[PDB]
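A short write-up of the structure that comes next.
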Ligand SMILES: [Mg+2]
Ligand SMILES: [Mg+2]
């Protein structure tokens, strides 16, 4: 039973209600493979491509941790999603926007070269789930002082191979280092590369692999 409605206990009803209003009925392969285990709290290494429905795969358990632990603007940041490009960062964010329609928790797109000071003032408020792009996020983490990440629960790395290709290998190593180690970490990459396997060691602990 790969339907979405059988994910009620495991995932908040307000999440399923939104997803039902998105027009989805049944889970894709990676969703079925990934969600159940990710809810339990395992670190995933996924060999996924765009079109697999991987976005929802990582978003459902991400929003779940934020709702479960009842995060507030007070609590700083909870989930951190990394995207190579602005196109994908925005893409993922639009989905997040749809999924958060029946939630009160704070979410924002702290990505791309676009008005740095307005983002800083925004993050100061307390943004629970953040869809971001690496190079700019590190800039906030090193320079924006009122940015709280100490409470981080989930870290998602979308299109890992594509992140390295745009030249963010060092930007990655430096965000991960500065992140609290007690966390769930998810790694999605279409192409299994030598470099990809290396930052997987840095990011993950003992992953359930999914192809
Ligand atoms: Mg660079
Ligand atoms: Mg991928």
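In PDB author numbering, the protein residues as written are 171 to 179, 185 to 386.
Think of the CB as a built atom: it goes at the ideal place given N, C-alpha and C, for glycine as much as any other residue.
For residue i, the first and last residue of its enclosing beta strand (DSSP E)
{"i": "residue 331", "result": "329 to 332"}
{"i": "residue 307", "result": "304 to 307"}
Per-residue DSSP class, three states only, for residue i
{"i": "residue 268", "result": "helix"}
{"i": "residue 326", "result": "coil"}
{"i": "residue 283", "result": "strand"}
{"i": "residue 353", "result": "helix"}
{"i": "residue 361", "result": "strand"}
{"i": "residue 254", "result": "strand"}
{"i": "residue 185", "result": "coil"}
{"i": "residue 300", "result": "helix"}
{"i": "residue 384", "result": "strand"}
{"i": "residue 318", "result": "helix"}
Rounded Cβ spacing between residue i and residue j (contact assumed at less than 8 angstroms)
{"i": "residue 343", "j": "residue 306", "result": "Residue 343 to residue 306, Cβ: 16 angstroms. No contact."}
{"i": "residue 271", "j": "residue 304", "result": "7 angstroms"}
{"i": "residue 172", "j": "residue 202", "result": "5 angstroms"}
{"i": "residue 323", "j": "residue 253", "result": "Residue 323 to residue 253, Cβ: 10 angstroms. No contact."}
{"i": "residue 174", "j": "residue 199", "result": "6 angstroms"}
{"i": "residue 367", "j": "residue 222", "result": "6 angstroms"}
{"i": "residue 216", "j": "residue 249", "result": "That belief does not hold up - the Cβ atoms of residue 216 and residue 249 are roughly 24 angstroms apart, past 8 angstroms."}
Beta carbon of residue i nearer than 9 angstroms to that of residue j
{"i": "residue 347", "j": "residue 339", "result": "yes"}
{"i": "residue 220", "j": "residue 365", "result": "no"}
{"i": "residue 333", "j": "residue 258", "result": "yes"}
{"i": "residue 329", "j": "residue 296", "result": "no"}
{"i": "residue 182", "j": "residue 209", "result": "Along the chain, the last residue before the gap is 179 and the first after it is 185, so residue 182 carries no coordinates."}
{"i": "residue 341", "j": "residue 260", "result": "yes"}
{"i": "residue 327", "j": "residue 355", "result": "yes"}
{"i": "residue 313", "j": "residue 349", "result": "yes"}
{"i": "residue 247", "j": "residue 280", "result": "yes"}
{"i": "residue 287", "j": "residue 311", "result": "yes"}
{"i": "residue 385", "j": "residue 205", "result": "yes"}
{"i": "residue 235", "j": "residue 214", "result": "yes"}
{"i": "residue 383", "j": "residue 218", "result": "yes"}
{"i": "residue 273", "j": "residue 285", "result": "no"}
{"i": "residue 263", "j": "residue 337", "result": "yes"}
Residue i Cβ short of 8 angstroms to ligand 3 heavy atom set
{"i": "residue 199", "result": "No copy of ligand 3 appears in this structure; the ligands present are ligand 1 and ligand 2."}
Residue i: first and last residue of the uninterrupted alpha helix (DSSP H) it sits in
{"i": "residue 245", "result": "From DSSP, residue 245 is part of no alpha helix (DSSP H); its letter is neither H nor E."}
{"i": "residue 371", "result": "369 to 378"}
{"i": "residue 337", "result": "335 to 340"}
Problem - Length-filtered (4 minimum) alpha helix (DSSP H) runs lying within the stretch 208 to 243 - result: 229 to 243
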